[PDB]
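This document opens with one chain alone, in structure tokens, the form deposited in one PDB entry.
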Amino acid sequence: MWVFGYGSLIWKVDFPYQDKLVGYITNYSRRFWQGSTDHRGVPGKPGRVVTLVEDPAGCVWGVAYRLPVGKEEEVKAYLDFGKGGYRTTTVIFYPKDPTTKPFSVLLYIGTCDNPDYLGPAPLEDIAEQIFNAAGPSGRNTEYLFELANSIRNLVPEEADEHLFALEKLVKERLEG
């Protein structure tokens, strides 16, 4: 099966994937409304990471990865499509390359119901919080930069108003 990576997976490429395609999905928008206490932040001082939200006019550029078929032959691992703030569903992924027809992919999403969801907030604020945060995975700012730098390698900044704006405010903070 193929899964869509709208975040860290884009650049955190050290995992096993049979194949990958740059592309985009629809009807969702990428927002930094997901709190991070185990990666780019910690409890008591959470960081912000991305999640996808339903947006009819929405688009999200990212990368689709083909997971290797599982080795354990004794149990049937399953997919639960429902589940406690994290959603699993599928959506159409459009490859950047027109040579490939669009195909279904798995989407793993953290909902408004997940415990870590921080929700929408003024960008001024999100940027600062990101500025300050650091977690087991690294600093919050590095996460944003990679993503942003990461997306730019694939599309014009117009593609993600929210992400690039954030990057810019942060860079400004880094100034003063």
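In this text, rigid core is short for the largest set of C-alphas that superpose within 1.5 Å between two forms. Shifts are known only where both forms have a C-alpha. Each residue number is its position in the shown sequence, starting from 1.
Missing deposited residues between residue 98 and residue 99: none, as the chain runs unbroken there. Just going by the entry, 101-109 versus 68-76 on mean CA temperature factor gives the higher value to 68-76. Look at the C-alpha B-factors of 120-128 and of 33-41. On average they run higher in 120-128.
The residue among 27, 149, 137, 51 whose C-alpha atom has the highest B-factor in the PDB entry is 149. In this PDB entry, residue 22 carries a Cα temperature factor that places it within the middle third of its chain's modelled residues. Annotation for residue 163: C-alpha temperature factor in the middle third relative to the rest of the modelled chain, per the entry.
Per the PDB record, residue ranking by Cα B-factor puts residue 10 in the middle third of the chain.
Below, we refer to the form deposited in another entry, which is not included among the displayed structures.
A displacement of 2 angstroms or greater separates the C-alpha positions of residue 71 between the shown form and the other one, with the rigid core held in common.
In a rigid-core overlay of the protein, residue 14 has its C-alpha displaced by at least 2 Å between the shown form and the other one. Compared with the form shown here, the Cα atoms of residue 72 and residue 110 sit 3 Å or more closer together in the other form. Against the superposed rigid core, the consecutive-residue runs (3 or more long) showing CA movement of at least 2 Å between the shown form and the other one span 13-15, 69-82.
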